[PDB]
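What follows is a single chain, given as structure tokens, in the form deposited in one PDB entry.
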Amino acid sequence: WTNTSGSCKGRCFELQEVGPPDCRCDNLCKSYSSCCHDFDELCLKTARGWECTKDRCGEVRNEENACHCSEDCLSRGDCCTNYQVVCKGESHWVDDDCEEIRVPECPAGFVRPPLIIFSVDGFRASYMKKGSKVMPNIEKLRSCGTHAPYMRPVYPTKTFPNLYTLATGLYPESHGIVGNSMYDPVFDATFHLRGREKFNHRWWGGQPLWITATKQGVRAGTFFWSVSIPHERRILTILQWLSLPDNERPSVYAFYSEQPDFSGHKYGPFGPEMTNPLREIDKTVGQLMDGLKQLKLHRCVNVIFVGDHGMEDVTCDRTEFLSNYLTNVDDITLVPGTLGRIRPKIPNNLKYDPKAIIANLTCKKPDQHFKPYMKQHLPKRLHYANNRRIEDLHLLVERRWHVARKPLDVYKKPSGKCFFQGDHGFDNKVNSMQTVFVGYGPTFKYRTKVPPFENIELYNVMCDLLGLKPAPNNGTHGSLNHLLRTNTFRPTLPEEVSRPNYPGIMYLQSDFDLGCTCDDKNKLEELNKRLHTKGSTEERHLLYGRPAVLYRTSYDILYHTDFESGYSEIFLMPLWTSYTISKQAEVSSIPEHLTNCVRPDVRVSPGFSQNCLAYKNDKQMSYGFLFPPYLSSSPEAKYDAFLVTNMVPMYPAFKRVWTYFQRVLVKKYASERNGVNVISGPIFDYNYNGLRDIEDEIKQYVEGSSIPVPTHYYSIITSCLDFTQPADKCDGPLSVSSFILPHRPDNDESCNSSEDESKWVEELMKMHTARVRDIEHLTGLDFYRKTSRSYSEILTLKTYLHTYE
């Protein structure tokens, strides 16, 4: 219980931690119904508005006013933000020319540049195009400071998961806020935007910036504002805080704006009605900057202007209804809209039949505007599976569409129209969902554009800007060093844990009883005394050094004319297979007599090899090769491609994808990019946590054997950023794209897979694009260790995501 009888006198927006039975006066008390009885009259003053007027200059101080224009206001930090402009002939910050801030210029008493995070809800990246015509203050931050053309949010692209991601550097599956609404089957409770439940700390995991700061003895302003506090008051409060005594003043502040999200929902992202909301946000920014200038802090503070997600054209007319697919939608609960999450309406209902539901939801309309996934089958880049609050059954919705349970849930007006024309929440690589980032201040670079990056990266950077050590998170610390003038983070290469063996030719064909047969032989190669020696293999095919193995295991480096690989004696297959394909490379066939050819590898003991018998006996599982016979450099070299040490288990369904990739796409990449270097390999993620499985976690083997089946196959395709130089002779920055393809028994994901592979395989691969960094997590390997670039540049490269938008 809170004793509301107390008073907020001399306590307004106090940074003091106060709890029951004492009443509060902080910027969140209203949200807790714990404000002292006079909080509003003493703390939310509104008299005379938010701006000084000529007739107010030098006034007698009336403590009833919202903000002051009296002579003493400056030293009290009470002035309306335009005080000096109206009353002292100064210029608005926005009218001042941009000037490089080479070192912080702070009043005495400031030991470090404060950080102010200015978050705008639903600010689509492309809104920035509206330029100084609409947002002159924001355009000055953007053009003069450091900006990205856009920033990638996390899925789902809604506000709660994104704001907490920004605060923690964690994926939603790790921090717990996996949606604006969610049900936790252990709590048996439902979290909603509206309601008290969300205030319960049990929902919020990880360690958000304000906690990290506090634990390390750095003072944080309040990172939450009750909706009833007008933005002008929030700004005045931050400026008031900044004027506090040296020993009370916070180092980090957060402003939040609910716009332009709401206007976007109402009017759509391209409505003429969006201009007004944008003007208002810009005005608020101008208040902050004017205020800062008044305080002599405009060349002292670092400011981050950042959005949580974008906004797409979505209207009532574009709603799919589950009732068109399912017989009883009244027995399920659906988290709806721009994503779908499905569970039984009655928790734990025994009659719930997810296999039958998914079957009815799979490719049943030719223009179907969503796709069902068991969560473990969602593209790995989304990192949306490892949490009990994430339903097993998910619907990825097509941009511009909604999914609903039944037409009852949709409310057309007499106009046949809906009240909303905008929404968001879709796949985070969708263009419309991209949001904004600008950094401005002494620690950021001047007039610099940086490539787009993910919002999970910012937590490390804000820690850097505040001299803090970040809690464990999903950012890659250093990948954003290029945004900063100073306070960069010097990364260190992870230490290799397992050294490879380099087995020579040791066994005889006679030693092998694996059930493998090859109808032909290359007897010439038996005469090559230096067969499979290093030679020039590593320098042609392993361009960026061997991947470091970062866990305890036993593996062999194997050399070949056309490829090199790191063969695991434990998983019975390569951890990685690396090869270079030149722009002019020739594609050839697998000779008919070699169709079913598999050859024992005399470098590796029979006990550490797969056996073809398992494959012959398993009527569902077939096999493929990591280095493709199609790209052999000669008929003689092609024999290497059929070694049992190049073989991996693949469902025929998957082989349709993989063969198209091996035979058609790699060459196409080489042709388009002036040669490519390829590293491919297996991934084991049976418990869908985005991390390499230990042996105990692998749950499927080839029939009758201990050959483990990968849940995915990866490929990393590198070339020279400067496409005029061949991949193998590159002098500068690299260009990379990667994939993590799901290894599945069918192609149900691909509604057109009945057609030729040229009609559907690439579409599938684009959906499963990935960062090299994703693959590192899933494999425990570390790539690009030997290059001519800085470690920081490599880190950036590893976080790159080729989105194909």
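Throughout, rigid core stands for the largest set of C-alpha atoms superposing within 1.5 Å between the two forms. The first residue of the shown sequence is 1; numbering continues from there.
The same protein also has a form deposited in another entry, omitted here; what follows describes it.
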Fill in the blank from the handout: Of 753, 65, 31, 769, the residue whose C-alpha shifts by 2 Å or more between this form and the one not shown, after superposition on the rigid core, is 31
Problem - Did residue 509 shift 2 Å or more between this form and the one not shown, C-alpha, core superposed - result: no
Exercise for the section: Would you tell me if residue 351 moves between this form and the one not shown by 2 Å or more at its C-alpha, with the rigid core held superposed? Expected result: yes
